[PDB]
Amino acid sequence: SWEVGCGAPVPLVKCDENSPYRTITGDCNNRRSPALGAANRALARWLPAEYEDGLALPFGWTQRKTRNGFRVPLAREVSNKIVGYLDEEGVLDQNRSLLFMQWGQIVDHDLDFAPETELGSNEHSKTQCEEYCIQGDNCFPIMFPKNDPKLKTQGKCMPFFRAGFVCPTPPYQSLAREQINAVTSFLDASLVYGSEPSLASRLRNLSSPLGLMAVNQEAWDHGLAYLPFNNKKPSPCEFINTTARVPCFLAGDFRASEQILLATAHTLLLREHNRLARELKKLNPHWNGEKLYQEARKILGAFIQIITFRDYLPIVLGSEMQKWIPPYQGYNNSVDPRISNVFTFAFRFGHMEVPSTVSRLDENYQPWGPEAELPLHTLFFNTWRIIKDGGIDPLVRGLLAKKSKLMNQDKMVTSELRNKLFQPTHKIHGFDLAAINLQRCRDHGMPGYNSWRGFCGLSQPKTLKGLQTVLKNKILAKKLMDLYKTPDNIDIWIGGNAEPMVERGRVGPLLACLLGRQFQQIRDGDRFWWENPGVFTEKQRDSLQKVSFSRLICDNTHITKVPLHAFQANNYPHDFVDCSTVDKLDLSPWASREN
């Protein structure tokens, strides 16, 4: 029982032992088990998968088959009855900058990516799912319910294609289906450098011995760099404006261009790497290219790790931070550093923090131009608003001065995402991220809400009155019972996000526990954790201790007025200071005298 491993996908396993740098694929991090945490391997299962047929079919596939004796409600109905809301007033988080939401997506894209299966190169089946809404194989359409407005203007469904899974790609059946994580489980800046050697290399500027990352040769941000373009067709960034004809960017991670602020954040990171390669050159003229690239890579990965664990997680978890992530004790080679399947859903809480508009601010932090504020849906895969309309400085100001959307039980996901999401190769700004999250949760064979409450050592409500007490909300509990007919069937994504927020944090107790464990594990289980003895020098470590997101902005834009604490709500000019009164990153301890 339980033979140890299917392993047709990741075959090659060769580990240079001495190495001072992480591999791109994440392999060799764990010396006892070298493939743990590498990209392109199955997501970890913290609990056995739950499928309608116990093997691969998701719940909601066969009409007559129930879950625990009940039909599961359509993803879109749960979306319409619980997730939507009209009034965008008073929905803003008075105490989290918009940078808060953005950093979450960034970290998230470093950690996991379960892309759709691909049997659609020169195919009809791409359209057979779009055109006629016929379920079968990897096509698992999100049907609209009886009273849905999209029925009137969009057809019968919203297309959806099941997520990639390991050994095969169309058929297989003996063990439960396990989805693939295409990025490294380590918080290693794989989103800047890539998780594949093919991409990692392409991203590099291999024309000179400076260990720099390739930059855009066709457009400049007033002297500063832009991410190179991804010359590939069909490009969705060109699709949203065929006049501007501006391609999507090429980053270590596929999704970089999905929305303009992520693209922005990716730009800052790329610049910081290069800035780091240049200062290291000055101090170490002898270091070759590779060394420069790697030493810069290594520094940027630490940066991402510090900001995430010192600044970000404490304000996501609040009071629960300590219960799950106690002070670092060092590298424990016994810990599973893989990202769990459920984490990829639990981290989607960030979806309720996305606001309906985005702004561009000038040097006085006032409306940049006559259309400074734009609706969120006009920015999906929009790279021209950056290239042909002000570079990233105006947007980075918005990220600092604007607020994230506070999650709210009566106002969960803004319609910009819930009704107007754009998906590549599909042609309308008419998709629903909430519905997709739900369908996806079933596609991954996720256990119900209570299995996870049980997993986290929390009560498992079984009645209306039961759920009200946990959700601390009668009306929401009723709507959920009416739809699910048992809390045992509530999809973990929505059940987890419906819980009230723990003191000082921005997620409920279930999620705090799920997020808490995962982050504790990617930290304790990482051999290259920045604070782990032997990775950096004692002196380099005191220099790193000084990074701030503020500093990153000062060093990589033309902004000189920034707050001290980037993730909290900050107003200009009061909460802002001059970049000069801000700790820089002293790179002296990287100088290497050996003569």
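The first residue of the sequence shown is number 1, and the count goes up from there. Take the two forms, superpose them, and find the largest set of C-alpha atoms that agree within 1.5 Å; that set is the rigid core.
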query	finding
Higher-deviation stretch (C-alpha RMS, rigid core fit) in 9 other deposited structures of this protein, choosing from 121-129 and 482-490	121-129
Stretch with larger C-alpha RMS deviation in 9 other deposited structures of this protein, core superposed, 584-592 versus 3-11	3-11
Of 237-245 and 441-449, the stretch whose C-alpha atoms average the higher B-factor in the entry	237-245
Higher-scoring stretch by recorded Cα B factor average, 67-75 or 99-107	67-75
Which of 232, 338, 377, 472 ranks first by CA B-factor in the deposited coordinates	232
Most elevated Cα B-factor in the entry, residues 316, 456, 210, 400	210
Third of chain Cα B-factors occupied by residue 321	highest
Residue 175 - Cα temperature factor, lowest/middle/highest third of chain	highest
Residue 363 CA temperature factor, ranked by third within the chain	highest
Chain-wide C-alpha B factor ranking for residue 389, given as lowest, middle or highest third	middle
Third of chain Cα B-factors occupied by residue 48	lowest
